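Undergrad: To start, I am sharing the structure in question, which I have written as structure tokens.
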Amino acid sequence: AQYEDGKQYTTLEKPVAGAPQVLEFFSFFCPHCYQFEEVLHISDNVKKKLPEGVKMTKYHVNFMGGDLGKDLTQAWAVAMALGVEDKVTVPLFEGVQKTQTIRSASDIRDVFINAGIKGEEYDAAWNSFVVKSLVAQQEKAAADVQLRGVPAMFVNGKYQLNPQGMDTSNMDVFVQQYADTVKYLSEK
């Protein structure tokens with residue numbers, strides 16, 4: 001057929017019950033994740049083609065960047081709780097990978113302050129139990145699919161995108177194939 005198990009996607013031999021419909025994993029330390037977000041705009045183009053009613057979820061991961069990696073998972077939890085993901089995603093990527101000015105939790109905090117989140121509100125969120133359970137959710141989702149690399153995308157907890165089975169000679173064409181594959185998997 002046109003979409004083939006093992007080509008544009010793989011099936012999990014261990015389906016994950018109750019998983020989010022479209023689940024994306026990334027790390028602010030991950031070079032392809034930077035490309036996906038700042039150059040390719042994958043999340044964005046996927047959304048534009050998802051059917052009515054299916055919501056999209058994106059989680060940070062711990063297994064890159066050691067201690068600062070864990071701080072970033074907690075900061076992304078803060079980002080999610082405050083709903084400021086679209087204000088901190090670019091400066092966090094650039095702070096880690098471009099300027100390399102993010103070296104400590106305090107430097108992560110600086111990003112949010114510059115984005116206009118109040119210190120007391122950031123600090124209160126950071127220390128809250130709601131962010132702690134949101135950190136737990138991110139960790140659990142990654143654990144459920146035995147995740148050992150990012151970027152990664154899972155559809156209905158049973159299908160994993162396989163971008164290495166796609167042409168990359170044109171970036172636009174790659175993005176649409178990626179997005180169209182997600183939509184197909186969505187309708188499966």
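Ligands are numbered from 1 in the order shown, residues from 1 within each chain, and chains are lettered A, B, ... in the order they appear in the structure tokens.
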Name the residues of chain A that come out as strand (DSSP E) in a backbone DSSP run; write them as a VMD selection string.
TA: chain A and resid 9 to 11 22 to 26 56 to 60 152 to 155 159 to 161
Undergrad: With N, CA and C atoms retained, export the selected residues as a short mmCIF file (atom, residue, chain, number, x, y, z; two decimals), in the first residue's frame.
TA:
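Written output follows (result08.cif):
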data_model
loop_
_atom_site.label_atom_id
_atom_site.label_comp_id
_atom_site.auth_asym_id
_atom_site.auth_seq_id
_atom_site.Cartn_x
_atom_site.Cartn_y
_atom_site.Cartn_z
N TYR A 9 5.74 4.58 9.58
CA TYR A 9 5.37 4.43 10.96
C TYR A 9 5.64 3.00 11.40
N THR A 10 5.65 2.80 12.70
CA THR A 10 5.81 1.48 13.26
C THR A 10 4.66 1.28 14.20
N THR A 11 4.29 0.03 14.43
CA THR A 11 3.21 -0.25 15.37
C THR A 11 3.85 -0.68 16.67
N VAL A 22 -2.62 12.54 19.98
CA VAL A 22 -1.36 12.86 19.33
C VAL A 22 -0.38 13.30 20.40
N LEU A 23 0.68 12.52 20.59
CA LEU A 23 1.64 12.75 21.67
C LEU A 23 3.05 12.96 21.13
N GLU A 24 3.59 14.16 21.33
CA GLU A 24 4.92 14.51 20.85
C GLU A 24 5.92 14.60 22.01
N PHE A 25 7.11 14.01 21.84
CA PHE A 25 8.18 14.16 22.83
C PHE A 25 9.36 14.95 22.28
N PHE A 26 9.93 15.81 23.12
CA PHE A 26 11.11 16.56 22.70
C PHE A 26 12.01 16.85 23.88
N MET A 56 -3.79 17.89 20.68
CA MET A 56 -2.37 17.59 20.61
C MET A 56 -1.63 17.86 21.92
N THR A 57 -0.77 16.92 22.29
CA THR A 57 -0.02 17.00 23.54
C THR A 57 1.49 16.93 23.28
N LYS A 58 2.26 17.78 23.95
CA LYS A 58 3.71 17.75 23.80
C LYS A 58 4.44 17.72 25.13
N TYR A 59 5.32 16.73 25.32
CA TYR A 59 6.02 16.55 26.58
C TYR A 59 7.52 16.63 26.46
N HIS A 60 8.15 17.16 27.50
CA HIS A 60 9.60 17.19 27.59
C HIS A 60 10.13 15.89 28.19
N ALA A 152 9.94 12.45 18.86
CA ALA A 152 9.14 11.24 18.71
C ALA A 152 7.71 11.68 18.69
N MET A 153 6.87 10.96 17.94
CA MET A 153 5.46 11.25 17.95
C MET A 153 4.69 9.95 17.90
N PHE A 154 3.66 9.86 18.73
CA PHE A 154 2.85 8.65 18.86
C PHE A 154 1.41 9.03 18.60
N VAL A 155 0.69 8.18 17.87
CA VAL A 155 -0.71 8.44 17.59
C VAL A 155 -1.57 7.38 18.26
N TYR A 159 0.73 3.91 17.44
CA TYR A 159 1.56 4.11 16.26
C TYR A 159 2.62 5.16 16.49
N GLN A 160 3.85 4.87 16.06
CA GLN A 160 4.97 5.79 16.23
C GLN A 160 5.44 6.26 14.88
N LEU A 161 5.54 7.57 14.70
CA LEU A 161 5.99 8.13 13.43
C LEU A 161 7.40 7.66 13.12
#
Undergrad: Which is closest to residue A:86 among A:173, A:143, A:115, A:12, if we use only C-alpha atoms?
TA: A:115
Undergrad: Rank nothing, just name the residue among A:77, A:1, A:156, A:105 nearest to residue A:55, using only C-alpha atoms.
TA: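 Between A:77, A:1, A:156, A:105, the residue approaching residue A:55 most closely is A:156.
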Undergrad: Which is closer to residue A:109 than all the others in A:75, A:82, A:171, A:130, using only C-alpha atoms?
TA: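 Of A:75, A:82, A:171, A:130, the one nearest residue A:109, counting only C-alpha atoms, is A:75.
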Undergrad: Would you please work out which residue, of A:31, A:65, A:18, A:116, is nearest to residue A:84 when using only C-alpha atoms?
TA: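 Among A:31, A:65, A:18, A:116, it is A:116 that comes nearest to residue A:84.
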Undergrad: Would you pick out the contacts of residue A:68 at 9 Å or less, using only C-alpha atoms, so that residues sharing its chain but fewer than 5 positions from it are not included, and give the list as a list in words?
TA: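 Returned residues: residues 62, 73, 102, 103, 104 and 105 of chain A.
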Undergrad: Set the distance at 10 Å and use only C-alpha atoms: which residues neighbour residue A:63 once local chain neighbours fewer than 2 positions away are removed? I'd like the list as a PyMOL selection string.
TA: chain A and resi 27+29+60-61+65-67+69-70+147-150
Undergrad: Given the selection you just returned, output its residues as a file containing N, CA and C atoms, formatted as a PDB file, in the first residue's frame.
TA:
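Writing done, so here's result_17.pdb:
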ATOM      1  N   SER A  27      13.190  17.391  23.582  1.00  0.00           N
ATOM      2  CA  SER A  27      14.049  17.916  24.612  1.00  0.00           C
ATOM      3  C   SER A  27      14.613  19.206  24.073  1.00  0.00           C
ATOM      4  N   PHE A  29      17.445  20.113  24.506  1.00  0.00           N
ATOM      5  CA  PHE A  29      18.848  19.761  24.188  1.00  0.00           C
ATOM      6  C   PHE A  29      19.018  19.029  22.850  1.00  0.00           C
ATOM      7  N   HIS A  60       8.152  17.162  27.497  1.00  0.00           N
ATOM      8  CA  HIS A  60       9.599  17.192  27.586  1.00  0.00           C
ATOM      9  C   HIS A  60      10.133  15.893  28.195  1.00  0.00           C
ATOM     10  N   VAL A  61      11.398  15.585  27.930  1.00  0.00           N
ATOM     11  CA  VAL A  61      11.995  14.363  28.427  1.00  0.00           C
ATOM     12  C   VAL A  61      13.252  14.622  29.237  1.00  0.00           C
ATOM     13  N   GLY A  65      20.769  15.898  28.613  1.00  0.00           N
ATOM     14  CA  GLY A  65      21.248  17.045  29.354  1.00  0.00           C
ATOM     15  C   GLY A  65      21.300  16.896  30.858  1.00  0.00           C
ATOM     16  N   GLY A  66      21.309  15.664  31.363  1.00  0.00           N
ATOM     17  CA  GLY A  66      21.467  15.449  32.791  1.00  0.00           C
ATOM     18  C   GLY A  66      20.646  16.300  33.738  1.00  0.00           C
ATOM     19  N   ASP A  67      21.328  16.985  34.651  1.00  0.00           N
ATOM     20  CA  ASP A  67      20.613  17.738  35.682  1.00  0.00           C
ATOM     21  C   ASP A  67      19.784  18.881  35.095  1.00  0.00           C
ATOM     22  N   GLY A  69      18.573  18.959  32.099  1.00  0.00           N
ATOM     23  CA  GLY A  69      17.480  18.312  31.410  1.00  0.00           C
ATOM     24  C   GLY A  69      16.265  18.121  32.298  1.00  0.00           C
ATOM     25  N   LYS A  70      16.472  17.681  33.533  1.00  0.00           N
ATOM     26  CA  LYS A  70      15.356  17.525  34.481  1.00  0.00           C
ATOM     27  C   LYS A  70      14.725  18.854  34.856  1.00  0.00           C
ATOM     28  N   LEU A 147      10.546   5.037  25.819  1.00  0.00           N
ATOM     29  CA  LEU A 147      11.137   6.067  24.977  1.00  0.00           C
ATOM     30  C   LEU A 147      12.627   6.241  25.184  1.00  0.00           C
ATOM     31  N   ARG A 148      13.412   6.066  24.116  1.00  0.00           N
ATOM     32  CA  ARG A 148      14.857   6.271  24.204  1.00  0.00           C
ATOM     33  C   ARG A 148      15.406   7.239  23.150  1.00  0.00           C
ATOM     34  N   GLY A 149      14.543   7.944  22.426  1.00  0.00           N
ATOM     35  CA  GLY A 149      15.055   8.990  21.548  1.00  0.00           C
ATOM     36  C   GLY A 149      14.009  10.029  21.209  1.00  0.00           C
ATOM     37  N   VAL A 150      14.455  11.257  20.978  1.00  0.00           N
ATOM     38  CA  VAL A 150      13.548  12.316  20.557  1.00  0.00           C
ATOM     39  C   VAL A 150      14.152  12.978  19.322  1.00  0.00           C
TER      40      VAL A 150
END
Undergrad: Based on DSSP run over this structure's backbone, return all residues of chain A in helix (DSSP H, G or I), as a short mmCIF file (atom, residue, chain, number, x, y, z; two decimals) with N, CA, C and O atoms, in the first residue's frame.
TA:
data_model
loop_
_atom_site.label_atom_id
_atom_site.label_comp_id
_atom_site.auth_asym_id
_atom_site.auth_seq_id
_atom_site.Cartn_x
_atom_site.Cartn_y
_atom_site.Cartn_z
N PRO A 31 19.02 18.40 18.99
CA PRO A 31 19.26 19.12 17.73
C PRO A 31 18.16 18.96 16.69
O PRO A 31 17.82 19.96 16.05
N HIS A 32 17.64 17.75 16.47
CA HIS A 32 16.55 17.60 15.51
C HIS A 32 15.27 18.24 16.03
O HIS A 32 14.44 18.73 15.26
N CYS A 33 15.14 18.29 17.36
CA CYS A 33 13.97 18.92 17.97
C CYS A 33 13.96 20.40 17.72
O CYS A 33 12.90 21.02 17.54
N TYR A 34 15.14 21.00 17.75
CA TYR A 34 15.28 22.40 17.38
C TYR A 34 14.82 22.64 15.95
O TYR A 34 14.06 23.57 15.66
N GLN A 35 15.28 21.77 15.05
CA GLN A 35 14.90 21.86 13.64
C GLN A 35 13.38 21.72 13.50
O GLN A 35 12.71 22.53 12.87
N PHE A 36 12.83 20.69 14.15
CA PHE A 36 11.41 20.40 14.12
C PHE A 36 10.59 21.59 14.56
O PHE A 36 9.50 21.84 14.05
N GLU A 37 11.09 22.30 15.56
CA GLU A 37 10.30 23.37 16.12
C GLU A 37 10.55 24.71 15.43
O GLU A 37 9.61 25.43 15.10
N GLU A 38 11.81 25.08 15.24
CA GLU A 38 12.09 26.41 14.73
C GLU A 38 12.16 26.47 13.20
O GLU A 38 11.81 27.49 12.62
N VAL A 39 12.57 25.38 12.55
CA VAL A 39 12.77 25.40 11.09
C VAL A 39 11.63 24.76 10.30
O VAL A 39 11.17 25.29 9.27
N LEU A 40 11.22 23.57 10.76
CA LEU A 40 10.19 22.76 10.12
C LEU A 40 8.76 23.07 10.59
O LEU A 40 7.81 22.92 9.83
N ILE A 42 6.88 21.44 12.66
CA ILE A 42 6.14 20.18 12.63
C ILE A 42 4.86 20.20 13.43
O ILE A 42 3.79 19.87 12.91
N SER A 43 4.96 20.54 14.72
CA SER A 43 3.78 20.53 15.59
C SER A 43 2.69 21.33 14.94
O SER A 43 1.52 20.93 14.87
N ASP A 44 3.09 22.48 14.42
CA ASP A 44 2.16 23.42 13.84
C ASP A 44 1.48 22.88 12.59
O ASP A 44 0.28 23.05 12.41
N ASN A 45 2.23 22.21 11.74
CA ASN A 45 1.67 21.74 10.48
C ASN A 45 0.84 20.48 10.67
O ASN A 45 -0.11 20.24 9.93
N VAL A 46 1.20 19.69 11.67
CA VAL A 46 0.38 18.56 12.06
C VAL A 46 -1.00 19.03 12.50
O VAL A 46 -2.02 18.54 12.00
N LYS A 47 -1.02 20.00 13.41
CA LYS A 47 -2.27 20.56 13.93
C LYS A 47 -3.20 21.03 12.82
O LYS A 47 -4.40 20.76 12.84
N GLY A 66 21.31 15.66 31.36
CA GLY A 66 21.47 15.45 32.79
C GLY A 66 20.65 16.30 33.74
O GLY A 66 19.41 16.29 33.70
N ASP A 67 21.33 16.99 34.65
CA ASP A 67 20.61 17.74 35.68
C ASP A 67 19.78 18.88 35.09
O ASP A 67 18.62 19.06 35.46
N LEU A 68 20.34 19.60 34.12
CA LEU A 68 19.60 20.68 33.48
C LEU A 68 18.43 20.16 32.65
O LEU A 68 17.40 20.80 32.55
N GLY A 69 18.57 18.96 32.10
CA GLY A 69 17.48 18.31 31.41
C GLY A 69 16.27 18.12 32.30
O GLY A 69 15.14 18.34 31.86
N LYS A 70 16.47 17.68 33.53
CA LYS A 70 15.36 17.53 34.48
C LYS A 70 14.72 18.85 34.86
O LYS A 70 13.51 18.94 35.07
N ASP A 71 15.56 19.88 35.03
CA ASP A 71 15.05 21.21 35.27
C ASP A 71 14.14 21.66 34.16
O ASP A 71 13.13 22.31 34.42
N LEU A 72 14.49 21.32 32.92
CA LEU A 72 13.71 21.74 31.76
C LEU A 72 12.37 21.02 31.69
O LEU A 72 11.37 21.59 31.27
N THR A 73 12.33 19.77 32.12
CA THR A 73 11.06 19.04 32.18
C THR A 73 10.15 19.73 33.18
O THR A 73 8.94 19.90 32.93
N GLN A 74 10.70 20.11 34.33
CA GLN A 74 9.91 20.85 35.31
C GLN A 74 9.48 22.24 34.80
O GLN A 74 8.34 22.67 35.00
N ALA A 75 10.38 22.95 34.12
CA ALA A 75 10.00 24.23 33.52
C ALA A 75 8.92 24.08 32.45
O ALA A 75 8.05 24.96 32.29
N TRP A 76 8.98 23.00 31.68
CA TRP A 76 7.96 22.78 30.67
C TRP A 76 6.62 22.45 31.37
O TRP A 76 5.55 22.86 30.93
N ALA A 77 6.69 21.72 32.48
CA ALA A 77 5.50 21.54 33.32
C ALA A 77 4.97 22.92 33.72
O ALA A 77 3.78 23.20 33.60
N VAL A 78 5.85 23.82 34.19
CA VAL A 78 5.41 25.18 34.51
C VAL A 78 4.79 25.85 33.28
O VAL A 78 3.75 26.50 33.38
N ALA A 79 5.45 25.71 32.13
CA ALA A 79 4.93 26.28 30.89
C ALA A 79 3.51 25.78 30.64
O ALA A 79 2.63 26.56 30.26
N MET A 80 3.28 24.48 30.83
CA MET A 80 1.95 23.90 30.59
C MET A 80 0.90 24.38 31.58
O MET A 80 -0.23 24.69 31.22
N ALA A 81 1.29 24.49 32.84
CA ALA A 81 0.33 24.88 33.87
C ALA A 81 -0.12 26.32 33.66
O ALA A 81 -1.30 26.63 33.84
N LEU A 82 0.80 27.19 33.25
CA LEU A 82 0.49 28.61 33.03
C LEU A 82 -0.02 28.89 31.63
O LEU A 82 -0.48 30.00 31.35
N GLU A 85 3.40 28.08 26.84
CA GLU A 85 4.24 27.29 25.93
C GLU A 85 4.71 28.09 24.72
O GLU A 85 5.89 28.01 24.33
N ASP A 86 3.80 28.85 24.10
CA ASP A 86 4.15 29.55 22.87
C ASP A 86 4.98 30.78 23.14
O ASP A 86 5.49 31.41 22.21
N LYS A 87 5.22 31.08 24.40
CA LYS A 87 6.05 32.25 24.66
C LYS A 87 7.45 31.88 25.06
O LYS A 87 8.36 32.72 24.97
N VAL A 88 7.64 30.64 25.52
CA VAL A 88 8.95 30.22 26.04
C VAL A 88 9.64 29.16 25.19
O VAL A 88 10.82 28.90 25.38
N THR A 89 8.93 28.58 24.22
CA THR A 89 9.55 27.50 23.45
C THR A 89 10.74 28.03 22.62
O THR A 89 11.79 27.42 22.58
N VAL A 90 10.56 29.14 21.93
CA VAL A 90 11.67 29.65 21.11
C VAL A 90 12.84 30.11 21.99
O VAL A 90 13.98 29.71 21.74
N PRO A 91 12.59 30.96 23.00
CA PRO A 91 13.74 31.36 23.81
C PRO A 91 14.41 30.23 24.58
O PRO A 91 15.56 30.39 24.95
N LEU A 92 13.69 29.16 24.92
CA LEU A 92 14.38 28.05 25.59
C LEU A 92 15.27 27.27 24.63
O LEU A 92 16.40 26.92 24.97
N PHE A 93 14.78 26.98 23.43
CA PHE A 93 15.61 26.32 22.43
C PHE A 93 16.86 27.15 22.12
O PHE A 93 17.98 26.64 22.11
N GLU A 94 16.65 28.43 21.88
CA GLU A 94 17.79 29.28 21.49
C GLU A 94 18.74 29.47 22.65
O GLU A 94 19.97 29.60 22.45
N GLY A 95 18.20 29.48 23.86
CA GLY A 95 19.03 29.64 25.04
C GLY A 95 19.90 28.43 25.28
O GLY A 95 21.07 28.55 25.66
N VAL A 96 19.35 27.25 25.05
CA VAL A 96 20.13 26.03 25.16
C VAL A 96 21.06 25.81 23.97
O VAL A 96 22.23 25.47 24.15
N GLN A 97 20.55 25.96 22.75
CA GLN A 97 21.32 25.47 21.61
C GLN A 97 22.01 26.55 20.78
O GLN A 97 22.96 26.27 20.07
N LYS A 98 21.50 27.78 20.84
CA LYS A 98 22.01 28.81 19.96
C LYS A 98 22.98 29.71 20.72
O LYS A 98 24.17 29.71 20.42
N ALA A 105 19.05 26.40 36.48
CA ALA A 105 17.63 26.64 36.69
C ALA A 105 17.32 28.14 36.75
O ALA A 105 16.28 28.60 36.30
N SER A 106 18.23 28.91 37.33
CA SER A 106 18.02 30.35 37.38
C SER A 106 17.97 30.94 35.96
O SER A 106 17.14 31.81 35.66
N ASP A 107 18.82 30.44 35.06
CA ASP A 107 18.80 30.92 33.68
C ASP A 107 17.53 30.52 32.96
O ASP A 107 17.07 31.22 32.06
N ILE A 108 16.95 29.38 33.32
CA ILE A 108 15.67 29.02 32.74
C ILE A 108 14.64 30.02 33.22
O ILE A 108 13.87 30.54 32.44
N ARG A 109 14.64 30.29 34.53
CA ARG A 109 13.73 31.26 35.11
C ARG A 109 13.77 32.61 34.40
O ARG A 109 12.73 33.23 34.16
N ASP A 110 14.99 33.07 34.10
CA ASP A 110 15.21 34.32 33.35
C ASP A 110 14.43 34.38 32.05
O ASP A 110 13.87 35.42 31.69
N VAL A 111 14.39 33.26 31.33
CA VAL A 111 13.62 33.17 30.09
C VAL A 111 12.15 33.51 30.30
O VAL A 111 11.56 34.27 29.53
N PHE A 112 11.55 32.95 31.35
CA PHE A 112 10.15 33.20 31.65
C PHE A 112 9.92 34.65 32.08
O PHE A 112 8.91 35.26 31.71
N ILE A 113 10.83 35.20 32.89
CA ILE A 113 10.77 36.60 33.32
C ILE A 113 10.81 37.53 32.10
O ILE A 113 10.02 38.46 31.98
N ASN A 114 11.76 37.29 31.20
CA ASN A 114 11.84 38.07 29.98
C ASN A 114 10.59 37.92 29.11
O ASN A 114 10.20 38.87 28.43
N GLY A 119 7.82 36.88 38.49
CA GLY A 119 8.65 36.02 39.31
C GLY A 119 7.90 35.20 40.34
O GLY A 119 7.95 33.98 40.32
N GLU A 120 7.13 35.88 41.18
CA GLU A 120 6.33 35.20 42.19
C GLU A 120 5.38 34.13 41.60
O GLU A 120 5.19 33.07 42.20
N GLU A 121 4.84 34.39 40.41
CA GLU A 121 3.97 33.44 39.73
C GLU A 121 4.76 32.25 39.18
O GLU A 121 4.34 31.09 39.28
N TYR A 122 5.92 32.52 38.59
CA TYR A 122 6.81 31.44 38.17
C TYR A 122 7.24 30.57 39.35
O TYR A 122 7.11 29.35 39.33
N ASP A 123 7.73 31.22 40.41
CA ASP A 123 8.24 30.49 41.57
C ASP A 123 7.16 29.70 42.24
O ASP A 123 7.42 28.61 42.72
N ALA A 124 5.97 30.27 42.31
CA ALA A 124 4.84 29.57 42.94
C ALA A 124 4.46 28.35 42.11
O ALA A 124 4.18 27.29 42.64
N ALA A 125 4.43 28.51 40.80
CA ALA A 125 4.13 27.37 39.93
C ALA A 125 5.20 26.29 40.03
O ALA A 125 4.89 25.10 40.22
N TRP A 126 6.47 26.69 39.93
CA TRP A 126 7.61 25.78 40.00
C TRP A 126 7.55 24.86 41.22
O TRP A 126 7.93 23.69 41.14
N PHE A 129 2.38 21.53 43.74
CA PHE A 129 2.06 20.12 43.49
C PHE A 129 1.40 19.82 42.14
O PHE A 129 1.53 18.72 41.63
N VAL A 130 0.69 20.79 41.57
CA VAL A 130 0.14 20.63 40.21
C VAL A 130 1.22 20.47 39.12
O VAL A 130 1.07 19.64 38.22
N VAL A 131 2.30 21.24 39.19
CA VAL A 131 3.47 21.05 38.30
C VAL A 131 4.16 19.69 38.58
O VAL A 131 4.52 18.97 37.65
N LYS A 132 4.27 19.32 39.86
CA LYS A 132 4.82 18.01 40.23
C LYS A 132 4.03 16.86 39.60
O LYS A 132 4.62 15.85 39.19
N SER A 133 2.72 16.98 39.53
CA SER A 133 1.97 15.87 38.93
C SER A 133 2.08 15.97 37.42
O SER A 133 1.95 14.97 36.73
N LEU A 134 2.32 17.18 36.90
CA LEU A 134 2.48 17.36 35.47
C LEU A 134 3.86 16.86 35.03
O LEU A 134 3.99 16.27 33.95
N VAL A 135 4.87 17.03 35.88
CA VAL A 135 6.15 16.36 35.70
C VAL A 135 5.96 14.83 35.70
O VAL A 135 6.57 14.12 34.91
N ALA A 136 5.14 14.33 36.62
CA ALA A 136 4.87 12.89 36.69
C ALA A 136 4.20 12.37 35.42
O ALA A 136 4.53 11.28 34.95
N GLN A 137 3.24 13.13 34.89
CA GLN A 137 2.56 12.79 33.64
C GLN A 137 3.53 12.68 32.47
O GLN A 137 3.42 11.77 31.67
N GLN A 138 4.44 13.64 32.33
CA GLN A 138 5.45 13.59 31.27
C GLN A 138 6.34 12.37 31.39
O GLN A 138 6.66 11.71 30.40
N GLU A 139 6.79 12.10 32.61
CA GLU A 139 7.63 10.93 32.83
C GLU A 139 6.88 9.62 32.55
O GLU A 139 7.42 8.70 31.92
N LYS A 140 5.65 9.54 33.04
CA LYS A 140 4.85 8.34 32.81
C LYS A 140 4.58 8.08 31.32
O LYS A 140 4.65 6.95 30.86
N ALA A 141 4.24 9.13 30.58
CA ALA A 141 3.97 8.94 29.15
C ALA A 141 5.20 8.42 28.42
O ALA A 141 5.10 7.50 27.60
N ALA A 142 6.37 8.98 28.71
CA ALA A 142 7.60 8.50 28.10
C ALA A 142 7.90 7.06 28.50
O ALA A 142 8.31 6.24 27.67
N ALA A 143 7.73 6.75 29.78
CA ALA A 143 7.93 5.40 30.27
C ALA A 143 7.02 4.38 29.58
O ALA A 143 7.48 3.31 29.19
N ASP A 144 5.73 4.70 29.45
CA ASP A 144 4.77 3.80 28.81
C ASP A 144 5.16 3.34 27.41
O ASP A 144 4.75 2.26 26.98
N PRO A 163 10.01 9.06 10.62
CA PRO A 163 10.47 10.10 9.68
C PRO A 163 11.68 9.69 8.83
O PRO A 163 11.93 10.32 7.81
N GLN A 164 12.44 8.70 9.28
CA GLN A 164 13.62 8.27 8.52
C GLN A 164 13.17 7.55 7.25
O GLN A 164 13.97 7.30 6.36
N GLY A 165 11.88 7.22 7.17
CA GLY A 165 11.33 6.71 5.93
C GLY A 165 10.61 7.80 5.15
O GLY A 165 9.46 7.63 4.76
N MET A 171 12.45 20.60 2.43
CA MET A 171 11.93 20.59 3.79
C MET A 171 10.39 20.64 3.86
O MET A 171 9.78 19.94 4.67
N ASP A 172 9.77 21.44 3.00
CA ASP A 172 8.31 21.57 2.92
C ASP A 172 7.59 20.26 2.63
O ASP A 172 6.53 19.98 3.19
N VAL A 173 8.18 19.48 1.73
CA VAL A 173 7.60 18.22 1.29
C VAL A 173 7.68 17.21 2.43
O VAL A 173 6.76 16.41 2.64
N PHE A 174 8.78 17.26 3.17
CA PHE A 174 8.95 16.38 4.32
C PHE A 174 7.89 16.65 5.39
O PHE A 174 7.25 15.74 5.89
N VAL A 175 7.69 17.93 5.69
CA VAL A 175 6.74 18.37 6.70
C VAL A 175 5.32 17.89 6.37
O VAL A 175 4.63 17.39 7.23
N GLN A 176 4.88 18.10 5.14
CA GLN A 176 3.54 17.66 4.72
C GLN A 176 3.37 16.15 4.72
O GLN A 176 2.31 15.63 5.09
N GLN A 177 4.41 15.42 4.34
CA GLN A 177 4.35 13.96 4.39
C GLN A 177 4.19 13.52 5.83
O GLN A 177 3.38 12.67 6.16
N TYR A 178 4.97 14.16 6.70
CA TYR A 178 4.90 13.91 8.12
C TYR A 178 3.50 14.17 8.63
O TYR A 178 2.90 13.33 9.32
N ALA A 179 2.96 15.34 8.28
CA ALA A 179 1.65 15.76 8.75
C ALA A 179 0.54 14.87 8.19
O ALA A 179 -0.35 14.46 8.91
N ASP A 180 0.58 14.62 6.88
CA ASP A 180 -0.36 13.71 6.23
C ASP A 180 -0.33 12.31 6.81
O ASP A 180 -1.35 11.63 6.84
N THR A 181 0.85 11.85 7.23
CA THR A 181 0.97 10.54 7.85
C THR A 181 0.26 10.53 9.20
O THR A 181 -0.42 9.58 9.56
N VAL A 182 0.42 11.61 9.96
CA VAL A 182 -0.23 11.72 11.25
C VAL A 182 -1.75 11.70 11.08
O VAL A 182 -2.47 11.10 11.89
N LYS A 183 -2.25 12.34 10.03
CA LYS A 183 -3.69 12.42 9.80
C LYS A 183 -4.23 11.05 9.43
O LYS A 183 -5.26 10.63 9.94
N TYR A 184 -3.52 10.36 8.55
CA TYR A 184 -3.86 8.98 8.18
C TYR A 184 -3.90 8.09 9.42
O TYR A 184 -4.87 7.35 9.64
N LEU A 185 -2.85 8.15 10.23
CA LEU A 185 -2.81 7.35 11.45
C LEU A 185 -3.97 7.72 12.37
O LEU A 185 -4.56 6.85 13.01
N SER A 186 -4.33 9.00 12.37
CA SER A 186 -5.42 9.51 13.19
C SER A 186 -6.77 8.90 12.81
O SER A 186 -7.61 8.65 13.68
N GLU A 187 -6.96 8.70 11.51
CA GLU A 187 -8.22 8.20 10.96
C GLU A 187 -8.28 6.68 10.93
O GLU A 187 -9.30 6.09 10.57
#
Undergrad: What does the distance from atom CA of residue A:15 to atom CA of residue A:145 come to in Å, to one decimal?
TA: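 Between these atoms lies a distance of 8.2 Å.
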Undergrad: I'd like the interatomic distance between atom CA of residue A:166 and atom CA of residue A:50, to a tenth of an Å.
TA: 19.6 Å
Undergrad: What is the distance between atom CA of residue A:7 and atom CA of residue A:30, in Å to one decimal?
TA: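 Between atom CA of residue A:7 and atom CA of residue A:30 the gap works out to 23.3 Å.
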